[PDB]
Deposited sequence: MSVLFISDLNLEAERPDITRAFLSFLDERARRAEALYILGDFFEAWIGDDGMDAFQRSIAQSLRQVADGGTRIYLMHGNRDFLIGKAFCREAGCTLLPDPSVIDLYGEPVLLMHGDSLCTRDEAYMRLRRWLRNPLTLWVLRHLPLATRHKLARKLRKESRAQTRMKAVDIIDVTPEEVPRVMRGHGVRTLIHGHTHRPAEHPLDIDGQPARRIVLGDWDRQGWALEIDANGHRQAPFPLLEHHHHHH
């Protein structure tokens, strides 16, 4: 089977989420064929060169699972879009761009964090366009680490989750040639049927781990998303 998770927002001061995640790795990810993490895995990320003990311990826990043979794919979210190849190398995972189309038991399936669909938040979209400009990424990777912390504090202060724009879903799905989309970000776990030019399709939204854990599990026969307690 394959597992999909997102929006864990891992951080040292949330040891309940961490414990839930490491137990999920031991009891479920180890036995799966693949694990996909669709963004906002960490609550924030200043860059791989800023990793602390907590973040390194998470990489080491992923690496145990990858060494066991489970394929781990990590996609950026908006909170942790600076995660780099050095982190992924420690963790044994593959960085997946947003968007990516994967083959899922023979079906092409679109994966995204989801915030790119939330086009009605105009302010959010302006910030996102600045943050992902290649020139901004160039300058950020040339900023000293202490200055990146100063910027992160500034952005945190100068700033509830606006949901996806309905018409964007069929537009992007048709553009990638898929009838199944999986994303996170909106904190509204659900499966949405829809139409694409008269044809049925489906959008699956992953749950966030603030109050309970979540996982979507898929195999050739079916799929299910269900929560589980943090404690």
Inset, instruction - Where the model has no C-alpha, note the corresponding stretch of the deposited sequence, numbering from 1. - result: 1, 161-169, 242-248
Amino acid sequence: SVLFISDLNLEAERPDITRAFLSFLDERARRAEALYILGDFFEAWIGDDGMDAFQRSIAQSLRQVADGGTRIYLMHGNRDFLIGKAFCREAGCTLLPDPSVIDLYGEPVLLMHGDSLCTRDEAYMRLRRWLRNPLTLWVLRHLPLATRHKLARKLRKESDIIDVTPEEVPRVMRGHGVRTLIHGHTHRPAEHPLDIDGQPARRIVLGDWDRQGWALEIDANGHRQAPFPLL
From here on, numbers count along this sequence of modelled residues.
Inset, instruction - With reference to the PDB entry, specify whether the mean Cα temperature factor is higher for 86-94 or for 144-152. - result: 144-152
Inset, instruction - Could you check which stretch, 102-110 or 75-83, carries the larger mean CA temperature factor in the entry? - result: 102-110
Legend entry - Which of 39, 189, 193, 198 ranks first by CA B-factor in the deposited coordinates: 198
Inset, instruction - Would you mind finding, among 22, 215, 220, 10, the residue with the largest C-alpha temperature factor in the entry? - result: 220
Inset, instruction - Taking the chain's C-alpha temperature factors as the reference, tell me which third residue 116 falls into: lowest, middle or highest. - result: middle
Legend entry - Position of residue 182 among the chain's modelled residues by C-alpha B-factor, lowest, middle or highest third: lowest
Legend entry - Lowest, middle or highest third - CA B-factor, residue 203: lowest
Inset, instruction - Just say lowest, middle or highest third for the CA B-factor of residue 59 relative to the other modelled residues in its chain. - result: lowest
Legend entry - Where the record places residue 136 (Cα B-factor, split into thirds across the chain): lowest
